[PDB]
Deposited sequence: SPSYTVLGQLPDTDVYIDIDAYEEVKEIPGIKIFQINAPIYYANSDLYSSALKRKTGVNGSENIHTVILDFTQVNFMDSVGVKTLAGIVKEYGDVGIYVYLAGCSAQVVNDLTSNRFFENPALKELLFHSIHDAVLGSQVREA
């Protein structure tokens, strides 16, 4: 898939890379990690268990359009309606602005889905309100 990559954890490190890039790299039980490689609505086409957290890595994203934010907003909600948290990791200041400008954080509570690194978001799923 050229539009998203499944990431895994290099054991006993905070390093997260393509699950297919290295043998010892393993997905974390309970967590799906997806590196966004194209605008999210193209990866959304591919989207269309026992998973408690979905981490989206935004390190490769430089900006978002209104259509992406709406799409992301929808993904966050419909996962959340079944108790699954969608975390956003590695959003730049610009991407955060784009989310804000398109009223993604209309509910200030959604600010809690922002994490700096993938590892931060993994730790953030460890204990949290049900």
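Coordinate coverage of the deposited sequence is interrupted once, at 49-61, where no C-alpha atom was modelled.
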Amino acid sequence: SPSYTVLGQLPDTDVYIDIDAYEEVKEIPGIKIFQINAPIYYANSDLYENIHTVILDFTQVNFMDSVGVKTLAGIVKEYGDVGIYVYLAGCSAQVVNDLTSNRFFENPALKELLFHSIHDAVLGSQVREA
From here on, numbers count along this sequence of modelled residues.
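Stretch comparison (38-46 versus 63-71) by mean CA B-factor in the PDB entry places 38-46 on top. Look at the C-alpha B-factors of 119-127 and of 2-10. On average they run higher in 2-10. Looking at the C-alpha B-factors along this chain, the one for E24 belongs to the highest third.
Among the modelled residues of its chain, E106 has a C-alpha B-factor that falls in the highest third according to the deposited record. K77 sits in the highest third of its chain by CA B factor, as recorded in the PDB entry.
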